[PDB]
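Trainee: Here you go, one structure.
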2 protein chains.
Amino acid sequence: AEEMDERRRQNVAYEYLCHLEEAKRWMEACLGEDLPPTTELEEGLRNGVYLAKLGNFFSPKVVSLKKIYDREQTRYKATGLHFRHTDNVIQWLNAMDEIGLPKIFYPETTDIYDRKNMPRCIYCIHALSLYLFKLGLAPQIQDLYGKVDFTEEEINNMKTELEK
Amino acid sequence: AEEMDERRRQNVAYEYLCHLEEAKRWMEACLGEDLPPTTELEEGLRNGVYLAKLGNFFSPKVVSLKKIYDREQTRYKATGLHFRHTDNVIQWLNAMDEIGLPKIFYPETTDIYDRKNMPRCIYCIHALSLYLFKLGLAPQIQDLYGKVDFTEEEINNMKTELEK
């Protein structure tokens with residue numbers, strides 16, 4: 001009975017990993033390049049490069065690839081996050097505003113850059129996917145709730161990450 | 001400078017009130033009846049009656065108006081929530097699953113019944129609205145961010161509610 005609030009927690013972690021995995025595959029399907037491992041996707045979206053590319057994918061008229069800061073992430077891999085990376089997240093936000101995705105789904109720059117609330121970012125990706133799909137601008141995102149598994153260590157890691 | 005994290009907080013509350021107002025009007029537009037005041041909408045969705053009605057509106061195959069418990073909410077007005085109201089929320093959930101709304105957006109029964117996380121409910125309504133609109137089953141939800149105002153007292157009440 002007391003272990004219920006300890007197993008339900010395991011479930012949340014698992015479900016979030018599935019949603020992450022789904023976001024990862026869909027972005028890859030759209031971008032045509034590999035994204036970091038599902039287990040490291042959150043940290044891998046922080047510099048906003050992938051998001052800005054996603055923006056270019058559906059709203060090219062608003063997000064030019066040549067104007068993305070550290071497009072190859074060489075700077076990021078080398079020194080880490082830089083204040084200028086924030087512009088990338090903003091380009092993505094502008095991309096979504098251009099195509100009509102309702103703002104209630106938008107995360108704040110800090111939510112992704114300072115990783116204050118990455119889940120909010122994932123949820124937005126998912127909503128953007130549903131919106132893009134209905135406009136016939138991107139493939140449908142997958143649903144992997146039960147077809148995908150993760151090691152006990154990964155669920156455990158995600159669990160503690162979703163708490164403290 | 002210290003009042004920034006106290007004004008930004010005011011903004012969040014305001015934004016949420018706008019989202020609630022938008023969900024309220026859209027549901028009314030779909031249902032053809034009045035819903036409680038935007039300021040009391042959250043508490044007013046707890047018994048799931050309006051949600052089940054929303055369910056019947058887009059998936060009558062799954063939700064029969066006659067199988068909604070306390071459809072007139074007479075029980076509710078008399079005595080508060082009753083365990084049997086939980087079924088209404090569940091009918092709404094089944095409605096969404098039937099039309100194919102991605103599960104990532106679904107709140108848990110407890111989130112709305114025990115009011116553990118009503119915002120999750122509101123965000124789901126918005127995703128549902130976006131989806132239903134693309135299916136041509138319902139009118140488009142409005143964007144009221146700037147067009148609408150609330151009293152200071154209301155912004156304030158919502159603010160403290162969104163914290164402790």
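Residues are named by chain letter and number: chains run A, B, ... in the order of the structure tokens, numbers start at 1 in each chain, and ligands are numbered from 1 in the order shown.
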I need the chain A residues near chain B as a PyMOL selection string; criterion: at most 9 Å, counting only C-alpha atoms.
Mentor: chain A and resi 15-16+19+101-105+123+126-127+130-131+134-135+143
Trainee: Output as an mmCIF file with N, CA and C atoms, in the first residue's frame all residues of chain A that backbone DSSP marks as helix (DSSP H, G or I).
Mentor:
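The resulting file, part30.cif, is reproduced below:
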data_model
loop_
_atom_site.group_PDB
_atom_site.id
_atom_site.type_symbol
_atom_site.label_atom_id
_atom_site.label_comp_id
_atom_site.auth_asym_id
_atom_site.auth_seq_id
_atom_site.Cartn_x
_atom_site.Cartn_y
_atom_site.Cartn_z
ATOM 1 N N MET A 4 2.831 1.746 -3.268
ATOM 2 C CA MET A 4 2.038 2.175 -4.417
ATOM 3 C C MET A 4 2.539 3.523 -4.924
ATOM 4 N N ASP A 5 2.794 4.446 -4.000
ATOM 5 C CA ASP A 5 3.286 5.770 -4.360
ATOM 6 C C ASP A 5 4.768 5.706 -4.728
ATOM 7 N N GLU A 6 5.299 4.490 -4.819
ATOM 8 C CA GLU A 6 6.699 4.281 -5.169
ATOM 9 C C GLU A 6 6.789 3.531 -6.495
ATOM 10 N N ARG A 7 5.689 2.886 -6.874
ATOM 11 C CA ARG A 7 5.618 2.134 -8.124
ATOM 12 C C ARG A 7 4.955 3.016 -9.171
ATOM 13 N N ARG A 8 3.970 3.791 -8.731
ATOM 14 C CA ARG A 8 3.256 4.703 -9.616
ATOM 15 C C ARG A 8 4.287 5.678 -10.166
ATOM 16 N N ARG A 9 5.256 6.003 -9.317
ATOM 17 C CA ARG A 9 6.339 6.917 -9.646
ATOM 18 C C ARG A 9 7.217 6.306 -10.730
ATOM 19 N N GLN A 10 7.365 4.987 -10.664
ATOM 20 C CA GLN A 10 8.159 4.249 -11.631
ATOM 21 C C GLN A 10 7.466 4.393 -12.979
ATOM 22 N N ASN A 11 6.138 4.311 -12.940
ATOM 23 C CA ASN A 11 5.299 4.414 -14.127
ATOM 24 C C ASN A 11 5.459 5.768 -14.821
ATOM 25 N N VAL A 12 5.444 6.839 -14.037
ATOM 26 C CA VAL A 12 5.599 8.170 -14.602
ATOM 27 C C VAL A 12 6.905 8.235 -15.381
ATOM 28 N N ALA A 13 7.990 7.838 -14.724
ATOM 29 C CA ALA A 13 9.305 7.847 -15.349
ATOM 30 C C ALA A 13 9.274 7.107 -16.686
ATOM 31 N N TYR A 14 8.689 5.916 -16.666
ATOM 32 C CA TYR A 14 8.609 5.102 -17.864
ATOM 33 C C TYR A 14 7.843 5.814 -18.976
ATOM 34 N N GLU A 15 6.695 6.372 -18.617
ATOM 35 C CA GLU A 15 5.859 7.061 -19.587
ATOM 36 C C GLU A 15 6.584 8.264 -20.189
ATOM 37 N N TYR A 16 7.286 9.021 -19.349
ATOM 38 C CA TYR A 16 8.034 10.178 -19.838
ATOM 39 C C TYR A 16 9.142 9.725 -20.801
ATOM 40 N N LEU A 17 9.806 8.615 -20.472
ATOM 41 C CA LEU A 17 10.852 8.103 -21.352
ATOM 42 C C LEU A 17 10.230 7.746 -22.694
ATOM 43 N N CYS A 18 9.011 7.201 -22.672
ATOM 44 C CA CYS A 18 8.352 6.847 -23.929
ATOM 45 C C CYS A 18 8.041 8.099 -24.718
ATOM 46 N N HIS A 19 7.536 9.119 -24.034
ATOM 47 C CA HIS A 19 7.216 10.363 -24.734
ATOM 48 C C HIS A 19 8.471 10.992 -25.331
ATOM 49 N N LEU A 20 9.575 10.927 -24.582
ATOM 50 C CA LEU A 20 10.855 11.454 -25.051
ATOM 51 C C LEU A 20 11.270 10.676 -26.293
ATOM 52 N N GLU A 21 11.216 9.349 -26.196
ATOM 53 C CA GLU A 21 11.597 8.501 -27.314
ATOM 54 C C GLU A 21 10.782 8.857 -28.546
ATOM 55 N N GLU A 22 9.491 9.123 -28.350
ATOM 56 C CA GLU A 22 8.610 9.479 -29.463
ATOM 57 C C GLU A 22 9.000 10.831 -30.080
ATOM 58 N N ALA A 23 9.347 11.790 -29.224
ATOM 59 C CA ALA A 23 9.742 13.113 -29.698
ATOM 60 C C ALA A 23 11.042 12.993 -30.483
ATOM 61 N N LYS A 24 11.966 12.192 -29.948
ATOM 62 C CA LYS A 24 13.259 11.977 -30.583
ATOM 63 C C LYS A 24 13.120 11.414 -31.989
ATOM 64 N N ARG A 25 12.337 10.352 -32.142
ATOM 65 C CA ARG A 25 12.163 9.745 -33.458
ATOM 66 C C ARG A 25 11.477 10.666 -34.437
ATOM 67 N N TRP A 26 10.443 11.353 -33.972
ATOM 68 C CA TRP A 26 9.730 12.259 -34.849
ATOM 69 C C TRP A 26 10.659 13.383 -35.354
ATOM 70 N N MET A 27 11.453 13.968 -34.458
ATOM 71 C CA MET A 27 12.366 15.041 -34.869
ATOM 72 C C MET A 27 13.370 14.515 -35.887
ATOM 73 N N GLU A 28 13.908 13.331 -35.609
ATOM 74 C CA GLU A 28 14.851 12.709 -36.520
ATOM 75 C C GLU A 28 14.161 12.497 -37.862
ATOM 76 N N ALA A 29 12.922 12.023 -37.829
ATOM 77 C CA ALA A 29 12.198 11.789 -39.068
ATOM 78 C C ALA A 29 12.049 13.083 -39.853
ATOM 79 N N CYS A 30 11.837 14.188 -39.145
ATOM 80 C CA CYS A 30 11.689 15.488 -39.796
ATOM 81 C C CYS A 30 13.021 16.080 -40.267
ATOM 82 N N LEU A 31 14.020 16.068 -39.387
ATOM 83 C CA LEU A 31 15.326 16.645 -39.689
ATOM 84 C C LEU A 31 16.235 15.834 -40.598
ATOM 85 N N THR A 38 17.837 8.926 -26.421
ATOM 86 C CA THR A 38 16.653 9.320 -25.673
ATOM 87 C C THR A 38 16.979 9.679 -24.222
ATOM 88 N N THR A 39 17.900 8.943 -23.619
ATOM 89 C CA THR A 39 18.305 9.185 -22.232
ATOM 90 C C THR A 39 19.016 10.529 -22.016
ATOM 91 N N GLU A 40 19.546 11.103 -23.089
ATOM 92 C CA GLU A 40 20.261 12.368 -22.980
ATOM 93 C C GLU A 40 19.614 13.465 -23.823
ATOM 94 N N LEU A 41 18.410 13.205 -24.331
ATOM 95 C CA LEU A 41 17.712 14.170 -25.184
ATOM 96 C C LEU A 41 17.419 15.522 -24.527
ATOM 97 N N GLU A 42 16.969 15.502 -23.280
ATOM 98 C CA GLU A 42 16.647 16.746 -22.593
ATOM 99 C C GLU A 42 17.843 17.684 -22.577
ATOM 100 N N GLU A 43 18.971 17.179 -22.093
ATOM 101 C CA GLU A 43 20.188 17.969 -22.032
ATOM 102 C C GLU A 43 20.624 18.327 -23.455
ATOM 103 N N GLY A 44 20.298 17.448 -24.402
ATOM 104 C CA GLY A 44 20.666 17.667 -25.788
ATOM 105 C C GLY A 44 19.822 18.675 -26.539
ATOM 106 N N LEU A 45 18.761 19.173 -25.914
ATOM 107 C CA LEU A 45 17.905 20.144 -26.587
ATOM 108 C C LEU A 45 18.156 21.547 -26.062
ATOM 109 N N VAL A 49 19.683 24.211 -30.801
ATOM 110 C CA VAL A 49 20.030 23.999 -32.197
ATOM 111 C C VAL A 49 19.027 23.099 -32.918
ATOM 112 N N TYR A 50 18.746 21.936 -32.332
ATOM 113 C CA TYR A 50 17.796 21.013 -32.941
ATOM 114 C C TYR A 50 16.440 21.685 -33.084
ATOM 115 N N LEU A 51 16.000 22.389 -32.041
ATOM 116 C CA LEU A 51 14.711 23.069 -32.130
ATOM 117 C C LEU A 51 14.697 24.086 -33.275
ATOM 118 N N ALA A 52 15.769 24.867 -33.418
ATOM 119 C CA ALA A 52 15.817 25.858 -34.496
ATOM 120 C C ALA A 52 15.752 25.163 -35.862
ATOM 121 N N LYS A 53 16.373 23.990 -35.965
ATOM 122 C CA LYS A 53 16.342 23.242 -37.219
ATOM 123 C C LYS A 53 14.910 22.779 -37.479
ATOM 124 N N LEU A 54 14.233 22.387 -36.403
ATOM 125 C CA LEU A 54 12.860 21.939 -36.504
ATOM 126 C C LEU A 54 12.051 23.113 -37.037
ATOM 127 N N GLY A 55 12.321 24.298 -36.494
ATOM 128 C CA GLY A 55 11.629 25.493 -36.947
ATOM 129 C C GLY A 55 11.815 25.675 -38.448
ATOM 130 N N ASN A 56 13.058 25.552 -38.916
ATOM 131 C CA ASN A 56 13.348 25.698 -40.340
ATOM 132 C C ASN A 56 12.583 24.656 -41.154
ATOM 133 N N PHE A 57 12.422 23.474 -40.573
ATOM 134 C CA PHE A 57 11.723 22.388 -41.238
ATOM 135 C C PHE A 57 10.285 22.728 -41.634
ATOM 136 N N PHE A 58 9.537 23.376 -40.745
ATOM 137 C CA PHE A 58 8.146 23.705 -41.048
ATOM 138 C C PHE A 58 7.857 25.179 -41.339
ATOM 139 N N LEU A 65 18.641 28.549 -41.636
ATOM 140 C CA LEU A 65 19.677 27.704 -41.064
ATOM 141 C C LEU A 65 20.978 28.483 -40.853
ATOM 142 N N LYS A 66 21.300 29.371 -41.795
ATOM 143 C CA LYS A 66 22.521 30.167 -41.708
ATOM 144 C C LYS A 66 22.550 31.125 -40.522
ATOM 145 N N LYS A 67 21.388 31.455 -39.966
ATOM 146 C CA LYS A 67 21.351 32.365 -38.822
ATOM 147 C C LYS A 67 21.231 31.652 -37.474
ATOM 148 N N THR A 74 29.731 22.720 -32.374
ATOM 149 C CA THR A 74 31.157 22.588 -32.045
ATOM 150 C C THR A 74 31.465 23.420 -30.791
ATOM 151 N N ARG A 75 30.881 24.613 -30.738
ATOM 152 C CA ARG A 75 31.044 25.521 -29.610
ATOM 153 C C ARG A 75 30.486 24.871 -28.349
ATOM 154 N N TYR A 76 29.303 24.274 -28.478
ATOM 155 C CA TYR A 76 28.632 23.617 -27.357
ATOM 156 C C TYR A 76 29.436 22.430 -26.825
ATOM 157 N N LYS A 77 29.835 21.538 -27.728
ATOM 158 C CA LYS A 77 30.607 20.362 -27.349
ATOM 159 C C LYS A 77 31.898 20.799 -26.671
ATOM 160 N N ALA A 78 32.431 21.927 -27.127
ATOM 161 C CA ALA A 78 33.676 22.456 -26.597
ATOM 162 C C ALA A 78 33.570 23.166 -25.252
ATOM 163 N N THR A 79 32.728 24.193 -25.176
ATOM 164 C CA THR A 79 32.595 24.987 -23.953
ATOM 165 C C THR A 79 31.290 24.852 -23.165
ATOM 166 N N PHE A 83 25.160 32.053 -23.739
ATOM 167 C CA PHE A 83 23.992 32.916 -23.795
ATOM 168 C C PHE A 83 23.403 33.058 -25.197
ATOM 169 N N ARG A 84 24.257 33.041 -26.213
ATOM 170 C CA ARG A 84 23.781 33.192 -27.576
ATOM 171 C C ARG A 84 22.949 32.001 -28.069
ATOM 172 N N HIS A 85 23.062 30.861 -27.389
ATOM 173 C CA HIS A 85 22.294 29.681 -27.771
ATOM 174 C C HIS A 85 20.805 29.998 -27.588
ATOM 175 N N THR A 86 20.515 30.895 -26.651
ATOM 176 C CA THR A 86 19.145 31.302 -26.370
ATOM 177 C C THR A 86 18.405 31.784 -27.626
ATOM 178 N N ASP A 87 19.121 32.408 -28.555
ATOM 179 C CA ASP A 87 18.477 32.871 -29.778
ATOM 180 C C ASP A 87 17.842 31.704 -30.555
ATOM 181 N N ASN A 88 18.483 30.543 -30.523
ATOM 182 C CA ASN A 88 17.948 29.390 -31.237
ATOM 183 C C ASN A 88 16.566 29.016 -30.721
ATOM 184 N N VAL A 89 16.416 28.940 -29.403
ATOM 185 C CA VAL A 89 15.129 28.609 -28.830
ATOM 186 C C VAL A 89 14.101 29.626 -29.314
ATOM 187 N N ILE A 90 14.484 30.896 -29.306
ATOM 188 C CA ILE A 90 13.596 31.960 -29.746
ATOM 189 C C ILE A 90 13.188 31.826 -31.219
ATOM 190 N N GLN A 91 14.102 31.358 -32.060
ATOM 191 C CA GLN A 91 13.778 31.188 -33.472
ATOM 192 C C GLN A 91 12.693 30.119 -33.602
ATOM 193 N N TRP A 92 12.831 29.059 -32.811
ATOM 194 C CA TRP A 92 11.863 27.974 -32.813
ATOM 195 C C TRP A 92 10.507 28.523 -32.375
ATOM 196 N N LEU A 93 10.501 29.309 -31.300
ATOM 197 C CA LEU A 93 9.259 29.894 -30.825
ATOM 198 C C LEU A 93 8.631 30.724 -31.942
ATOM 199 N N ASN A 94 9.431 31.542 -32.622
ATOM 200 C CA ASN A 94 8.878 32.347 -33.702
ATOM 201 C C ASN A 94 8.337 31.467 -34.821
ATOM 202 N N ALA A 95 8.971 30.319 -35.032
ATOM 203 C CA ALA A 95 8.535 29.418 -36.081
ATOM 204 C C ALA A 95 7.106 28.959 -35.777
ATOM 205 N N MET A 96 6.893 28.502 -34.547
ATOM 206 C CA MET A 96 5.585 28.033 -34.113
ATOM 207 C C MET A 96 4.510 29.112 -34.194
ATOM 208 N N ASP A 97 4.862 30.348 -33.850
ATOM 209 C CA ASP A 97 3.905 31.447 -33.909
ATOM 210 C C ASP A 97 3.489 31.706 -35.358
ATOM 211 N N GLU A 98 4.443 31.581 -36.272
ATOM 212 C CA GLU A 98 4.183 31.780 -37.688
ATOM 213 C C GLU A 98 3.147 30.777 -38.238
ATOM 214 N N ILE A 99 3.325 29.482 -37.964
ATOM 215 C CA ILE A 99 2.385 28.478 -38.478
ATOM 216 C C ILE A 99 1.056 28.368 -37.746
ATOM 217 N N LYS A 103 -0.183 29.471 -28.495
ATOM 218 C CA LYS A 103 0.816 29.785 -27.465
ATOM 219 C C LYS A 103 0.729 29.034 -26.141
ATOM 220 N N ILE A 104 -0.459 28.596 -25.735
ATOM 221 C CA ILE A 104 -0.555 27.900 -24.450
ATOM 222 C C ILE A 104 0.448 26.743 -24.361
ATOM 223 N N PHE A 105 0.873 26.227 -25.511
ATOM 224 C CA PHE A 105 1.802 25.108 -25.518
ATOM 225 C C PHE A 105 3.277 25.519 -25.465
ATOM 226 N N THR A 109 11.820 30.386 -22.790
ATOM 227 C CA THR A 109 13.232 30.165 -23.119
ATOM 228 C C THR A 109 13.989 29.531 -21.969
ATOM 229 N N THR A 110 13.779 30.056 -20.769
ATOM 230 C CA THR A 110 14.438 29.544 -19.578
ATOM 231 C C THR A 110 14.059 28.084 -19.296
ATOM 232 N N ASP A 111 12.817 27.709 -19.609
ATOM 233 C CA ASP A 111 12.368 26.340 -19.367
ATOM 234 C C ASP A 111 13.261 25.343 -20.096
ATOM 235 N N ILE A 112 13.779 25.723 -21.259
ATOM 236 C CA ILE A 112 14.631 24.790 -21.964
ATOM 237 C C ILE A 112 16.111 25.154 -21.804
ATOM 238 N N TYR A 113 16.457 26.430 -21.975
ATOM 239 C CA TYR A 113 17.851 26.854 -21.843
ATOM 240 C C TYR A 113 18.436 26.567 -20.456
ATOM 241 N N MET A 118 12.054 21.152 -18.861
ATOM 242 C CA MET A 118 12.131 20.484 -20.151
ATOM 243 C C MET A 118 10.836 19.729 -20.520
ATOM 244 N N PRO A 119 10.158 19.115 -19.527
ATOM 245 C CA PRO A 119 8.919 18.390 -19.836
ATOM 246 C C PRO A 119 7.945 19.286 -20.598
ATOM 247 N N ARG A 120 7.898 20.553 -20.209
ATOM 248 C CA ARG A 120 7.019 21.505 -20.872
ATOM 249 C C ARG A 120 7.408 21.577 -22.344
ATOM 250 N N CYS A 121 8.700 21.451 -22.603
ATOM 251 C CA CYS A 121 9.190 21.493 -23.970
ATOM 252 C C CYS A 121 8.732 20.251 -24.735
ATOM 253 N N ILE A 122 8.858 19.095 -24.099
ATOM 254 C CA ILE A 122 8.463 17.853 -24.743
ATOM 255 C C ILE A 122 6.984 17.896 -25.090
ATOM 256 N N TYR A 123 6.163 18.319 -24.133
ATOM 257 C CA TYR A 123 4.727 18.390 -24.361
ATOM 258 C C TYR A 123 4.436 19.266 -25.563
ATOM 259 N N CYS A 124 5.160 20.377 -25.669
ATOM 260 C CA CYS A 124 4.959 21.283 -26.796
ATOM 261 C C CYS A 124 5.330 20.586 -28.087
ATOM 262 N N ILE A 125 6.471 19.896 -28.101
ATOM 263 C CA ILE A 125 6.871 19.185 -29.310
ATOM 264 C C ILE A 125 5.707 18.303 -29.750
ATOM 265 N N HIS A 126 5.192 17.517 -28.801
ATOM 266 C CA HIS A 126 4.070 16.614 -29.065
ATOM 267 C C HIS A 126 2.863 17.342 -29.653
ATOM 268 N N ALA A 127 2.492 18.478 -29.073
ATOM 269 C CA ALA A 127 1.359 19.228 -29.606
ATOM 270 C C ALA A 127 1.683 19.760 -31.003
ATOM 271 N N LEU A 128 2.923 20.210 -31.196
ATOM 272 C CA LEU A 128 3.353 20.741 -32.488
ATOM 273 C C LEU A 128 3.276 19.643 -33.536
ATOM 274 N N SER A 129 3.622 18.428 -33.115
ATOM 275 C CA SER A 129 3.587 17.255 -33.985
ATOM 276 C C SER A 129 2.138 17.005 -34.439
ATOM 277 N N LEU A 130 1.206 17.020 -33.489
ATOM 278 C CA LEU A 130 -0.197 16.808 -33.809
ATOM 279 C C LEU A 130 -0.692 17.891 -34.753
ATOM 280 N N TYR A 131 -0.272 19.126 -34.492
ATOM 281 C CA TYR A 131 -0.689 20.252 -35.321
ATOM 282 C C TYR A 131 -0.094 20.143 -36.717
ATOM 283 N N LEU A 132 1.204 19.865 -36.777
ATOM 284 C CA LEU A 132 1.891 19.756 -38.063
ATOM 285 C C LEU A 132 1.330 18.623 -38.904
ATOM 286 N N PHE A 133 1.043 17.499 -38.250
ATOM 287 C CA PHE A 133 0.502 16.335 -38.937
ATOM 288 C C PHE A 133 -0.848 16.634 -39.579
ATOM 289 N N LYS A 134 -1.725 17.310 -38.846
ATOM 290 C CA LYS A 134 -3.040 17.655 -39.381
ATOM 291 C C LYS A 134 -2.952 18.635 -40.547
ATOM 292 N N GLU A 152 16.385 -0.903 -16.103
ATOM 293 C CA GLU A 152 15.933 -0.524 -14.778
ATOM 294 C C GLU A 152 16.691 0.731 -14.342
ATOM 295 N N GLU A 153 17.973 0.796 -14.698
ATOM 296 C CA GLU A 153 18.815 1.937 -14.350
ATOM 297 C C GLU A 153 18.265 3.228 -14.966
ATOM 298 N N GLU A 154 17.875 3.170 -16.237
ATOM 299 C CA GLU A 154 17.343 4.351 -16.907
ATOM 300 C C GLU A 154 16.028 4.835 -16.290
ATOM 301 N N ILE A 155 15.137 3.905 -15.958
ATOM 302 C CA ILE A 155 13.874 4.286 -15.340
ATOM 303 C C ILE A 155 14.219 4.922 -14.000
ATOM 304 N N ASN A 156 15.086 4.255 -13.245
ATOM 305 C CA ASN A 156 15.506 4.747 -11.934
ATOM 306 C C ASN A 156 16.097 6.152 -12.024
ATOM 307 N N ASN A 157 16.950 6.381 -13.016
ATOM 308 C CA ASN A 157 17.559 7.696 -13.186
ATOM 309 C C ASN A 157 16.495 8.747 -13.479
ATOM 310 N N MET A 158 15.611 8.440 -14.429
ATOM 311 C CA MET A 158 14.543 9.355 -14.803
ATOM 312 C C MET A 158 13.649 9.647 -13.612
ATOM 313 N N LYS A 159 13.437 8.642 -12.764
ATOM 314 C CA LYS A 159 12.589 8.800 -11.588
ATOM 315 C C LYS A 159 13.109 9.886 -10.656
ATOM 316 N N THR A 160 14.359 9.745 -10.224
ATOM 317 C CA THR A 160 14.959 10.717 -9.323
ATOM 318 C C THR A 160 15.065 12.081 -9.987
ATOM 319 N N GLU A 161 15.196 12.086 -11.310
ATOM 320 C CA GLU A 161 15.298 13.336 -12.050
ATOM 321 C C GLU A 161 13.954 14.063 -12.026
#
Trainee: Measure the distance from CA of residue 137 (chain A) to CA of residue 59 (chain A) in Å and round it to one decimal.
Mentor: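 These atoms are spaced 9.9 Å apart.
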